[PDB]
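Here we start with a single chain on its own, the form deposited without the DNA, put down as structure tokens.
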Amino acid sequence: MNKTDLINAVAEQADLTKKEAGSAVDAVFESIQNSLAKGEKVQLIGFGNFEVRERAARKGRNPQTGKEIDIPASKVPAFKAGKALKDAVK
């Protein structure tokens, strides 16, 4: 499934023009983006959650090379699937 397939499903199931469904779909991904960007967890009952994971600035060791490196702090997107989604896939 790509973004166009997604837009099409939305057009039917919600009864919108492909133009409208496209905006809705743009809006969903945009809304979510803007929420993680401001650090807000997105909790979607039934589906799952999108969170921002904080990684602390620390001393590390470069994986399979082994030198002591300096690791800057970081913020990365992360998704926690809910029960309904886990079950669907098992």
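Each residue number is its position in the shown sequence, starting from 1. Heads up, when I say rigid core I mean the largest set of C-alphas that superpose within 1.5 Å between the two forms. Shifts are known only where both forms have a C-alpha.
- Mean CA temperature factor is higher for 60 to 68 when stretches 60 to 68 and 39 to 47 are set side by side in the entry.
- Between the stretches 74 to 82 and 21 to 29, it is 74 to 82 that shows the larger average CA temperature factor.
Below, we refer to the form solved in complex with the DNA, which is not included among the displayed structures.
- Taking non-hydrogen atoms only, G22 never approaches the DNA to within 4.5 angstroms in the deposited bound form.
- Shown alone here, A57 lies within 4.5 Å of the DNA in the deposited bound form, counting heavy atoms only.
- Remark: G46 counts among the residues lining the DNA in the deposited bound form, judged by a heavy atom distance of 4.5 Å or less.
- Mapping the unseen interface onto this chain, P63 counts among the residues with a heavy atom inside 4.5 Å of the DNA in the deposited bound form.
- Measuring CA movement between the shown form and the other one with the rigid core aligned, the set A37, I45, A57, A27 has one residue at 2 Å or more: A57.
- Taking the rigid core as fixed, one finds a CA shift for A73 of 2 Å or more between the shown form and the other one.
- Relative to this conformation, a decrease of 3 Å or more in the Cα-Cα distance between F79 and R58 is found in the deposited bound form.
- Panel note: the distance between the CA atoms of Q64 and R53 is larger in the deposited bound form than in this form, the difference being 3 Å or more.
- Core-based superposition between the shown form and the other one shows that the consecutive residues, three or more at a time, whose C-alphas shift by 2 angstroms or more lie in one run only, 55 to 73.
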